[PDB]
Amino acid sequence: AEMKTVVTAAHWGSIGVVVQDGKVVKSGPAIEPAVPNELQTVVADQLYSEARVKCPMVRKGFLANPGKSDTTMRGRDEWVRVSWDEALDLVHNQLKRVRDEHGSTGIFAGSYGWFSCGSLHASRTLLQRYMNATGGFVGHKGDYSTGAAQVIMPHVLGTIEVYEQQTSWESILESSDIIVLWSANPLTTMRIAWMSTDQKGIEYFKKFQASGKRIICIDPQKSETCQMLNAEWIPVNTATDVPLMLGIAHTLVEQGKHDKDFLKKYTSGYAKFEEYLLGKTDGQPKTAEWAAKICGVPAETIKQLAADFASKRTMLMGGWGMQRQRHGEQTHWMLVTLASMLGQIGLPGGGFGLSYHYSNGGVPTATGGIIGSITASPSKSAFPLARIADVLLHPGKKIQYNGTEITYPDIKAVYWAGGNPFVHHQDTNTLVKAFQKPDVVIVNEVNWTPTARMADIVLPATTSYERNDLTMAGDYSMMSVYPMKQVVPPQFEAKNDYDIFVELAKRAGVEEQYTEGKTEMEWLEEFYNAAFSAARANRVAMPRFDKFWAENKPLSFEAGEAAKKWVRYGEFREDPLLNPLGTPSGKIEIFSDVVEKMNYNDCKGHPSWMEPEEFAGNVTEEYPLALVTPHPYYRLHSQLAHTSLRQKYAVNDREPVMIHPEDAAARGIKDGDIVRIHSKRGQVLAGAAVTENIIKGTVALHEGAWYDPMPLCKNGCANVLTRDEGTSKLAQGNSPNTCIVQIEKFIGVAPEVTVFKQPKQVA
Ligand SMILES: Nc1nc2c(c(=O)[nH]1)N[C@H]1C(S)=C(S)[C@@H](COP(=O)(O)OP(=O)(O)OC[C@H]3O[C@@H](n4cnc5c(=O)[nH]c(N)nc54)[C@H](O)[C@@H]3O)O[C@H]1N2
Ligand SMILES: Nc1nc2c(c(=O)[nH]1)N[C@H]1C(S)=C(S)[C@@H](COP(=O)(O)OP(=O)(O)OC[C@H]3O[C@@H](n4cnc5c(=O)[nH]c(N)nc54)[C@H](O)[C@@H]3O)O[C@H]1N2
Ligand SMILES: [Cl-]
Ligand SMILES: [Mo]
Ligand SMILES: [O]
């Protein structure tokens with residue numbers, strides 16, 4: 001009777017992996033979760049997939065004329081298998097050429113993506129570490145998650161807000177009468193964390209449901225969360241939450257339910273905003289009736305939400321889909337303004353939180369220590385990252401950004417390691433053109449993703465299961481140190497990214513700076529010991545690394561009474577004169593003079609409603625439906641798309657698209673039919689999921705399906721359809737969820753999806 005389980009971890013949690021005769025045969029949670037997490041069950045598929053990159057590969061046409069090839073052959077050339085020595089020499093020589101001719105401002109290595117958890121084997125960080133050791137690189141600003149909110153919140157609250165600990169969930173359970181999931185789908189989106197999910201956020205949502213208190217979901221779709229918690233669904237048109245919030249706010253004023261004392265003491269600029277709210281400026285009071293016409297919520301329901309939010313202790317939980325769209329800055333600005341008018345900020349169970357849906361925000365912070373991690377350190381060229389296509393195509397172009405002007409650099413080489421821009425970036429067909437501009441495109445990948453398929457040189461990377469690492473239970477509780485013990489040796493000819501970059505560093509003469517003379521296990525011990533020392537200072541005994549590593553189990557910490565009772569903005573509420581915010585006024589900036597003075601047409605000095613170019617309110621005869629692109633339940637973006645989880649959602653071997661029965665009937669579409677979706681940007685195939693769980697006039701296609709072009713995507717990659725434009729001049733965030741489309745039934749034999757097979761090689 002043998003213990004055949006190795007414990008490791010992923011973004012989707014601590015994983016127990018059963019190994020039989022050197023082969024992985026089962027994976028699942030190392031710690032029982034409140035809700036099953038099927039993402040944990042496919043380690044074997046990840047290890048043994050025929051979609052894996054097996055050996056270093058170079059495009060035929062690039063091998064023939066390196067750095068001087070016909071780059072329009074990217075994505076459609078034959079691949080040549082080469083040795084590691086040949087591939088690494090070629091990467092080094094091609095990057096050296098760019099460094100010699102253009103310098104670091106000719107190399108883009110922002111390399112946005114989620115890769116895998118782990119303190120050491122962080123592929124993106126290891127790439128940037130190599131780039132810095134060899135002279136530097138052009139990176140980026142912001143991220144795709146909160147590109148808008150993370151720029152406006154510093155102006156409004158003096159802090160980034162979206163990536164900070166929330167009021168304790170124990171306070172919510174005890175004191176909140178209502179939680180409002182506004183653009184938030186936590187039973188989907190907390191199946192993962194940036195480190196490794198602690199699995200407790202979903203447990204807390206379940207406890208809140210079981211207490212019988214009110215859960216309200218405001219969303220164009222009746223999401224997995226709304227269904228699984230049997231919450232009250234408020235259907236809303238995508239991109240019309242600001243009108244809805246204005247109508248609620250106007251009702252508060254009309255019924256004397258706003259907190260005038262709070263607004264005077266804790267905010268700046270409320271009176272100027274109220275003039276807009278009441279129509280004194282523009283002739284149009286922002287009534288519940290005015291709002292109902294735009295957002296699709298009946299006026300009497302808007303008024304009843306306002307009364308209930310003010311009558312009960314209410315937590316407004318704002319998710320991020322609604323700021324991933326044109327004018328996205330306005331949504332969380334207005335949510336904070338609404339919370340200010342309700343006046344419950346800083347009270348137990350009250351106010352707002354912008355990370356209750358992300359990585360277990362609000363789970364009480366444990367007392368212990370936090371492990372270290374590798375860094376990129378052994379720019380005027382940096383740009384808001386969703387301008388990447390624009391940058392690659394248009395060197396020298398200038399844009400406005402948060403009160404400054406940015407000049408695009410002139411990029412000759414692109415290196416990606418740990419992200420999938422040909423799935424994650426908007427307007428895929430335009431990104432194809434952008435990727436024809438560089439002299440050389442290099443990708444480290446586990447699998448033959450759409451991005452790998454667009455490269456010149458593809459280097460096979462290992463999964464987490466083929467190496468040793470450490471992570472934490474996260475992202476806020478920090479309640480455990482999770483070992484990531486190697487399960488099997490590297491498969492095929494794959495290498496850890498760390499080893500790839502060690503070989504490149506050696507060719508550049510900087511190996512010693514890159515490795516600091518440490519082995520894998522010496523790095524891990526250094527990272528662990530940071531937690532050990534911090535825990536000791538907190539009076540928490542930990543095993544030393546050798547004992548922890550041998551035990552190969554999560555090491556757990558406990559939360560104390562202070563963390564269980566912690567209320568965000570409690571100190572500000574107690575005394576705002578001595579605990580002011582880091583803003584110009586020391587208060588919540590409902591009107592921001594700093595933003596006003598930027599004089600941007602698409603972001604004013606207070607939250608406001610500005611119609612976007614494409615949304616439910618300006619659909620056309622040609623494109624009569626609106627689109628939303630939520631995050632998927634059975635993938636982390638594009639990760640795990642190639643595994644057996646596909647069978648849990650594919651419809652007729654395509655990505656499912658949610659379609660309301662009346663929109664489907666008007667087109668002769670029945671549940672299960674293949675359909676063609678198209679926009680001005682492109683077209684995709686999808687499988688119809690006909691359901692009343694999407695608001696009429698809108699369709700939902702989850703992001704992350706692998707682009708499989710014929711241009712027409714055979715598989716259903718949502719970003720083939722979306723617009724590539726900045727949210728506004730304030731943040732220049734990405735704007736996928738303001739989009740209009742047409743759908744028609746696909747007639748005849750449908751094409752086979754080929755993007756999970758090995759690519760075309762030479763004969
Ligand atoms: N329409 C629309 N578009 C969106 C979104 C949306 O809501 N709607 N969401 C946006 C957001 S919030 C994000 S975060 C992005 C996500 O975009 P990405 O982060 O690019 O998506 P992932 O699928 O997680 O890509 C991670 C890649 O890293 C690889 N990888 C994993 N581990 C390793 C490793 O150790 N080494 C190497 N070399 N590779 C590894 C995986 O094989 C995988 O291809 O998508 C964004 N795009
Ligand atoms: N299982 C899983 N979990 C994940 C991810 C994943 O890919 N898979 N991605 C992770 C990442 S990188 C992030 S950034 C977060 C993303 O966290 P979010 O940004 O919050 O996730 P989304 O699914 O984009 O949006 C949540 C809800 O908002 C809705 N919504 C979209 N637009 C609007 C709007 O205009 N108004 C309203 N009222 N609702 C709208 C969506 O329909 C959706 O149900 O999740 C993380 N967690
Ligand atoms: Cl109280
Ligand atoms: Mo994200
Ligand atoms: O992200």
# chains A, B, ... in the order shown; residues from 1 in each chain; ligands from 1
>>> residues_around(residues="residue 378 of chain A", least_positions_apart="6", cutoff="10 Å", atoms="only C-alpha atoms", output="list in words")
residues 128, 129, 130, 132, 133, 510, 512, 513, 514, 515 and 516 of chain A
>>> closest_atom_pairs(of="chain A", to="ligand 4", cutoff="10 Å", atoms="only C-alpha atoms and all ligand atoms", output="tab-separated table")
residue	atom	partner	partner_atom_place_in_ligand_line	distance
A:112	CA	ligand 4	1 (Mo)	10.0
A:113	CA	ligand 4	1 (Mo)	8.3
A:114	CA	ligand 4	1 (Mo)	7.9
A:143	CA	ligand 4	1 (Mo)	7.2
A:144	CA	ligand 4	1 (Mo)	5.4
A:145	CA	ligand 4	1 (Mo)	3.7
A:146	CA	ligand 4	1 (Mo)	7.4
A:147	CA	ligand 4	1 (Mo)	9.5
A:189	CA	ligand 4	1 (Mo)	9.9
A:194	CA	ligand 4	1 (Mo)	9.2
A:320	CA	ligand 4	1 (Mo)	9.1
A:321	CA	ligand 4	1 (Mo)	9.9
A:358	CA	ligand 4	1 (Mo)	9.3
A:424	CA	ligand 4	1 (Mo)	9.5
A:631	CA	ligand 4	1 (Mo)	9.1
A:636	CA	ligand 4	1 (Mo)	9.6
A:637	CA	ligand 4	1 (Mo)	8.6
>>> write_last_selection(atoms="C-alpha atoms", output="PDB file, in the first residue's frame")
ATOM      1  CA  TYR A 112       1.622  39.855 -21.308  1.00  0.00           C
ATOM      2  CA  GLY A 113      -0.033  36.719 -20.022  1.00  0.00           C
ATOM      3  CA  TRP A 114      -0.931  34.462 -17.117  1.00  0.00           C
ATOM      4  CA  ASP A 143      -2.974  45.011 -17.895  1.00  0.00           C
ATOM      5  CA  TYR A 144      -6.040  43.603 -19.646  1.00  0.00           C
ATOM      6  CA  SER A 145      -7.892  42.933 -16.380  1.00  0.00           C
ATOM      7  CA  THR A 146      -8.464  46.484 -15.082  1.00  0.00           C
ATOM      8  CA  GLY A 147      -6.856  48.683 -17.724  1.00  0.00           C
ATOM      9  CA  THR A 189     -13.844  33.763 -11.818  1.00  0.00           C
ATOM     10  CA  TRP A 194      -2.733  34.744  -9.765  1.00  0.00           C
ATOM     11  CA  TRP A 320     -14.456  44.057 -14.191  1.00  0.00           C
ATOM     12  CA  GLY A 321     -16.270  43.047 -17.392  1.00  0.00           C
ATOM     13  CA  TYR A 358     -11.125  38.053  -8.173  1.00  0.00           C
ATOM     14  CA  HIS A 424      -6.386  37.685 -25.880  1.00  0.00           C
ATOM     15  CA  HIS A 631     -14.534  34.705 -18.934  1.00  0.00           C
ATOM     16  CA  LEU A 636      -8.367  29.887 -17.756  1.00  0.00           C
ATOM     17  CA  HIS A 637      -8.633  32.100 -20.852  1.00  0.00           C
TER      18      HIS A 637
END
>>> atom_distance(atom1="atom 42 (O, counted along the ligand's line) of ligand 2", atom2="atom CA of residue 735 of chain A")
14.1 Å
>>> residues_near_ligand(ligand="ligand 3", cutoff="9 Å", atoms="only C-alpha atoms and all ligand atoms", output="VMD selection string")
chain A and resid 175 313 347 to 350
>>> atom_distance(atom1="atom CA of residue 407 of chain A", atom2="atom CA of residue 391 of chain A")
9.2 Å
>>> closest_residue(among="A:305, A:53, A:15, A:334", to="residue 32 of chain A", atoms="only C-alpha atoms")
A:15
>>> closest_residue(among="A:518, A:573, A:702, A:257", to="residue 502 of chain A", atoms="only C-alpha atoms")
A:518
>>> residues_near_ligand(ligand="ligand 2", cutoff="7 Å", atoms="only C-alpha atoms and all ligand atoms", output="PyMOL selection string")
chain A and resi 144-146+182-185+188-193+218-221+223+236-241+319-323+357-358+628-637+737
>>> write_last_selection(atoms="N, CA and C atoms", output="compact mmCIF listing (two decimals), in the first residue's frame")
# COMPACT_ATOMS: atom_id res chain seq x y z
N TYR A 144 -4.75 43.77 -18.99
CA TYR A 144 -6.04 43.60 -19.65
C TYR A 144 -7.19 43.47 -18.65
N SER A 145 -6.88 43.27 -17.38
CA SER A 145 -7.89 42.93 -16.38
C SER A 145 -8.65 44.17 -15.93
N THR A 146 -7.92 45.26 -15.65
CA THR A 146 -8.46 46.48 -15.08
C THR A 146 -7.79 47.68 -15.72
N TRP A 182 -22.19 43.16 -9.26
CA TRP A 182 -22.37 44.08 -10.37
C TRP A 182 -21.28 43.79 -11.39
N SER A 183 -21.66 43.20 -12.53
CA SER A 183 -20.69 42.79 -13.54
C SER A 183 -19.72 41.78 -12.95
N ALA A 184 -20.23 40.88 -12.11
CA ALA A 184 -19.38 39.98 -11.33
C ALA A 184 -19.94 38.57 -11.35
N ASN A 185 -19.05 37.61 -11.61
CA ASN A 185 -19.39 36.19 -11.76
C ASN A 185 -18.41 35.36 -10.95
N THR A 188 -17.57 31.58 -11.28
CA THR A 188 -16.64 31.31 -12.37
C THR A 188 -15.25 31.84 -12.07
N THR A 189 -15.15 33.13 -11.75
CA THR A 189 -13.84 33.76 -11.82
C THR A 189 -12.97 33.50 -10.60
N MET A 190 -13.46 32.86 -9.54
CA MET A 190 -12.59 32.50 -8.43
C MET A 190 -12.24 31.03 -8.44
N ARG A 191 -12.41 30.37 -9.59
CA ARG A 191 -11.79 29.06 -9.77
C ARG A 191 -10.28 29.17 -9.96
N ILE A 192 -9.75 30.39 -10.07
CA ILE A 192 -8.32 30.59 -10.25
C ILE A 192 -7.88 31.81 -9.44
N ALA A 193 -6.58 31.87 -9.20
CA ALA A 193 -5.91 33.02 -8.60
C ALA A 193 -4.57 33.22 -9.31
N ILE A 218 -26.34 41.80 -11.40
CA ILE A 218 -26.63 42.77 -12.46
C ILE A 218 -25.68 42.49 -13.61
N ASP A 219 -26.24 41.97 -14.72
CA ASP A 219 -25.42 41.33 -15.76
C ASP A 219 -26.28 41.12 -17.00
N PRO A 220 -25.74 41.27 -18.20
CA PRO A 220 -26.52 40.89 -19.41
C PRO A 220 -26.82 39.41 -19.49
N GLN A 221 -26.01 38.57 -18.84
CA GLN A 221 -26.28 37.14 -18.79
C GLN A 221 -26.66 36.74 -17.37
N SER A 223 -25.57 34.51 -15.13
CA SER A 223 -24.28 33.86 -15.11
C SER A 223 -24.31 32.57 -14.30
N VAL A 236 -29.35 43.56 -17.71
CA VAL A 236 -28.99 44.91 -18.12
C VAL A 236 -28.28 44.81 -19.47
N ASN A 237 -28.48 45.81 -20.32
CA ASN A 237 -27.73 45.86 -21.57
C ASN A 237 -26.24 46.05 -21.28
N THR A 238 -25.38 45.28 -21.94
CA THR A 238 -23.94 45.51 -21.81
C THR A 238 -23.64 46.97 -22.11
N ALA A 239 -22.79 47.58 -21.28
CA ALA A 239 -22.26 48.93 -21.43
C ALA A 239 -23.28 50.00 -21.02
N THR A 240 -24.35 49.65 -20.30
CA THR A 240 -25.32 50.65 -19.87
C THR A 240 -25.45 50.74 -18.34
N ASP A 241 -24.43 50.28 -17.61
CA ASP A 241 -24.49 50.35 -16.16
C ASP A 241 -24.42 51.77 -15.64
N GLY A 319 -17.41 43.74 -10.34
CA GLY A 319 -16.50 43.03 -11.22
C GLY A 319 -16.00 43.90 -12.36
N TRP A 320 -15.25 43.28 -13.26
CA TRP A 320 -14.46 44.06 -14.19
C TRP A 320 -14.89 43.99 -15.65
N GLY A 321 -15.84 43.12 -16.00
CA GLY A 321 -16.27 43.05 -17.39
C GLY A 321 -16.79 44.38 -17.88
N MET A 322 -17.49 45.10 -17.00
CA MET A 322 -18.10 46.36 -17.40
C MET A 322 -17.11 47.51 -17.59
N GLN A 323 -15.85 47.37 -17.16
CA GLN A 323 -14.88 48.41 -17.50
C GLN A 323 -13.97 47.99 -18.64
N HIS A 357 -14.70 39.35 -6.52
CA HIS A 357 -14.87 38.37 -7.59
C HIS A 357 -13.55 37.81 -8.10
N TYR A 358 -12.43 38.34 -7.62
CA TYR A 358 -11.12 38.05 -8.17
C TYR A 358 -10.24 37.49 -7.07
N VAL A 628 -21.24 40.40 -25.76
CA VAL A 628 -20.42 40.45 -24.54
C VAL A 628 -19.54 39.22 -24.52
N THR A 629 -18.32 39.36 -23.94
CA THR A 629 -17.30 38.31 -24.01
C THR A 629 -16.78 37.90 -22.62
N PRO A 630 -17.60 37.20 -21.84
CA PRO A 630 -17.23 36.88 -20.45
C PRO A 630 -16.15 35.81 -20.35
N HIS A 631 -15.57 35.71 -19.14
CA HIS A 631 -14.53 34.70 -18.93
C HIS A 631 -15.13 33.31 -18.74
N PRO A 632 -14.44 32.28 -19.23
CA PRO A 632 -15.00 30.93 -19.28
C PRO A 632 -14.89 30.12 -17.99
N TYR A 633 -15.84 29.21 -17.81
CA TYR A 633 -15.87 28.34 -16.64
C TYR A 633 -14.86 27.19 -16.73
N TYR A 634 -14.67 26.61 -17.92
CA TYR A 634 -13.87 25.40 -18.08
C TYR A 634 -12.53 25.66 -18.76
N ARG A 635 -12.05 26.91 -18.72
CA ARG A 635 -10.72 27.29 -19.15
C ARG A 635 -10.25 28.41 -18.22
N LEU A 636 -8.95 28.61 -18.16
CA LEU A 636 -8.37 29.89 -17.76
C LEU A 636 -7.96 30.58 -19.05
N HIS A 637 -8.83 31.49 -19.54
CA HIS A 637 -8.63 32.10 -20.85
C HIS A 637 -8.53 31.02 -21.92
N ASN A 737 -16.01 44.78 -24.81
CA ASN A 737 -17.42 44.47 -24.53
C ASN A 737 -18.40 45.54 -25.04
>>> closest_residue(among="A:400, A:197, A:166, A:447", to="ligand 1", atoms="only C-alpha atoms and all ligand atoms")
A:447
>>> atom_distance(atom1="atom CA of residue 374 of chain A", atom2="atom CA of residue 523 of chain A")
8.3 Å
>>> select_by_dssp(residues="segment 363-580 of chain A", states="alpha helix (DSSP H)", output="count of residues only")
67
>>> residues_around(residues="residue 604 of chain A", least_positions_apart="6", cutoff="10 Å", atoms="only C-alpha atoms", output="MDAnalysis selection string")
chainID A and resid 330 591:593 595:598 610 730
>>> select_by_dssp(residues="segment 171-335 of chain A", states="strand (DSSP E or B)", output="ChimeraX atom specification")
/A:178-182,196-197,214-219,221,232-235,267-268,314-318
